Every structure is written in structure tokens, then in C-alpha cells.
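Some notes on the structure that comes next.
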Amino acid sequence: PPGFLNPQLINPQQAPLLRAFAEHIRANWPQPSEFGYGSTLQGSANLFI
Amino acid sequence: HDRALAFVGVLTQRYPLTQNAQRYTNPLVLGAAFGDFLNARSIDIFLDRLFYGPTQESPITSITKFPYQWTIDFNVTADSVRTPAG
């Protein structure tokens, strides 16, 4: 939904809970990260990453 | 005379005059809101949308931003508004 893509499309006075929920999701959903593994003395076997 | 004064009080309890005198009222919303008021029916839903910027949209298109049945006598779709004639 475009409103989910951009929460500003939801009027606060008309749909307060939904607007807050979207902003909550967009603000608190965790950020992915990465880390190494294995040993450089061996092949990697990774395809994309 | 009683209802007129009471309706003024509601309109001024929200939207203090000194911050809103320049704004333009939507005639459609105003008519519906006033009509419900003296029909002894709550009008809170309308007060949120009493104004509109005439340089940016029409009194119709300003309403079609909220395409759903506002109340039993005021139904607005994505392109149209239905209401009994006064």
C-alpha cells in the first residue's frame, strides 16, 4: 500500500492509530547487518553475498 | 436564535477566531454540519474538515480525500458525494 510506503498519506486526525502504527513500524523495525565467518584458508562457497 | 448562538459556540470552542478568520469554509461541509446540529445529531466528524484552500482544490475535491461513508446521510466516494437536498 502506498500509505505504508509513505505514512504521510494518512491523515492523523482521521486515522490516528494507523498513522502511528505505520510510523512505529518504519522507525523501529530492525536494521540488518552482517559479519564474517569461516577461514580465509578455504573456499567461500558464497554466491551473492 | 437559540440554535444559531449555540452553533456559534461550538464553532468557536474549536478554531479560535484570531487564528482562523482568514480561512475559507467549505460550503458543502458547513451546510451538512449545520443541518445535523439542529437535527440534534452530533457533528464532530465534520468539524475536522470545515476549511479548504480554494486556490488548490474545489469544495468537492477537498472532500473526496476521504472516500467513505462519513455518516448515514453523507456518503462520499473517490469521485462523488451523495446527500439529501436541503
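So you can find residues: chains in the C-alpha cells are A, B, ... in the order shown, residues in each start at 1, and ligands are numbered from 1 in order.
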Return as a PDB file with N, CA, C and O atoms, in the first residue's frame the residues belonging to chain A that are within 12 Å of chain B, counting only C-alpha atoms.
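As written to disk, iface_6.pdb reads:
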ATOM      1  N   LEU A   9       0.610   9.962   3.826  1.00  0.00           N
ATOM      2  CA  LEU A   9      -0.640   9.910   3.088  1.00  0.00           C
ATOM      3  C   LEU A   9      -1.836   9.597   3.971  1.00  0.00           C
ATOM      4  O   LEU A   9      -2.954   9.493   3.457  1.00  0.00           O
ATOM      5  N   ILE A  10      -1.636   9.438   5.274  1.00  0.00           N
ATOM      6  CA  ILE A  10      -2.704   9.088   6.199  1.00  0.00           C
ATOM      7  C   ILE A  10      -2.943  10.277   7.116  1.00  0.00           C
ATOM      8  O   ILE A  10      -2.040  10.690   7.854  1.00  0.00           O
ATOM      9  N   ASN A  11      -4.152  10.817   7.078  1.00  0.00           N
ATOM     10  CA  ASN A  11      -4.457  11.991   7.879  1.00  0.00           C
ATOM     11  C   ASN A  11      -4.430  11.630   9.357  1.00  0.00           C
ATOM     12  O   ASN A  11      -5.114  10.690   9.773  1.00  0.00           O
ATOM     13  N   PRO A  12      -3.667  12.351  10.177  1.00  0.00           N
ATOM     14  CA  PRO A  12      -3.611  11.999  11.604  1.00  0.00           C
ATOM     15  C   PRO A  12      -4.958  12.105  12.290  1.00  0.00           C
ATOM     16  O   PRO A  12      -5.359  11.191  13.018  1.00  0.00           O
ATOM     17  N   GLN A  13      -5.680  13.200  12.061  1.00  0.00           N
ATOM     18  CA  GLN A  13      -6.955  13.400  12.736  1.00  0.00           C
ATOM     19  C   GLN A  13      -7.998  12.387  12.301  1.00  0.00           C
ATOM     20  O   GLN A  13      -8.941  12.129  13.051  1.00  0.00           O
ATOM     21  N   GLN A  14      -7.852  11.809  11.114  1.00  0.00           N
ATOM     22  CA  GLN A  14      -8.855  10.877  10.629  1.00  0.00           C
ATOM     23  C   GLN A  14      -8.530   9.437  10.993  1.00  0.00           C
ATOM     24  O   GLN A  14      -9.427   8.683  11.382  1.00  0.00           O
ATOM     25  N   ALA A  15      -7.270   9.037  10.874  1.00  0.00           N
ATOM     26  CA  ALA A  15      -6.837   7.678  11.191  1.00  0.00           C
ATOM     27  C   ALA A  15      -5.610   7.741  12.084  1.00  0.00           C
ATOM     28  O   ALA A  15      -4.494   7.419  11.658  1.00  0.00           O
TER      29      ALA A  15
END
Practice problem: For residue 5 (chain A), please output as a VMD selection string all residues within 12 Å (counting only C-alpha atoms; exclusion window: fewer than 6 positions along the same chain). | Solution: chain A and resid 19 22 to 23 25 to 26
How would the residues just chosen look if you wrote them out with N, CA and C atoms as a short mmCIF file (atom, residue, chain, number, x, y, z; two decimals), in the first residue's frame?
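To be explicit, this is the file written out as part19.cif:
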data_model
loop_
_atom_site.label_atom_id
_atom_site.label_comp_id
_atom_site.auth_asym_id
_atom_site.auth_seq_id
_atom_site.Cartn_x
_atom_site.Cartn_y
_atom_site.Cartn_z
N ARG A 19 -1.84 5.72 11.40
CA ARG A 19 -0.67 6.54 11.11
C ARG A 19 0.43 6.27 12.12
N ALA A 22 2.06 2.80 11.44
CA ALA A 22 2.98 2.81 10.31
C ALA A 22 4.29 3.48 10.70
N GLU A 23 4.22 4.64 11.34
CA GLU A 23 5.43 5.33 11.75
C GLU A 23 6.22 4.49 12.74
N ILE A 25 6.32 1.23 12.86
CA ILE A 25 6.98 0.17 12.11
C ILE A 25 8.19 0.71 11.38
N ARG A 26 8.01 1.81 10.65
CA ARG A 26 9.10 2.36 9.86
C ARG A 26 10.25 2.85 10.72
#
Quiz item: For residue 22 (chain B), which of B:83, B:68, B:77, B:51 is the closest residue, counting only C-alpha atoms?
Solution: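 So, comparing all the options, the nearest one is B:51.
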Exercise. Within 10 Å of residue 44 (chain B), counting only C-alpha atoms, which residues show up once you throw out same-chain ones fewer than 6 positions away? Write them as JSON, numbers by chain, please.
Key: {"B": [10, 33, 37]}
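Straight-line separation from CA of residue 59 (chain B) to CA of residue 47 (chain B): 14.8 Å.
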Quiz item: Quick one: DSSP helix (DSSP H, G or I) residues in chain A, as a list in words?
Solution: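 Result set for chain A (helix (DSSP H, G or I)): residues 2, 3, 4, 5, 7, 8, 9, 16, 17, 18, 19, 20, 21, 22, 23, 24, 25, 26, 27 and 28 of chain A.
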Exercise. Write out as a ChimeraX atom specification which residues come within 10 Å of residue 84 (chain B) when counting only C-alpha atoms, dropping same-chain ones fewer than 3 positions away.
Key: /B:32,73-74
Write a file of the selected residues as a compact mmCIF listing (two decimals), in the first residue's frame, keeping N, CA, C and O atoms.
# COMPACT_ATOMS: atom_id res chain seq x y z
N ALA B 32 -23.95 20.64 5.65
CA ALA B 32 -24.25 19.36 6.27
C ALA B 32 -24.09 19.44 7.78
O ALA B 32 -24.95 18.98 8.53
N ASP B 73 -26.22 10.03 6.35
CA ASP B 73 -26.80 10.93 5.37
C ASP B 73 -25.74 11.67 4.56
O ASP B 73 -26.08 12.60 3.83
N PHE B 74 -24.48 11.27 4.67
CA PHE B 74 -23.41 11.96 3.96
C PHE B 74 -22.39 10.91 3.55
O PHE B 74 -21.54 10.51 4.34
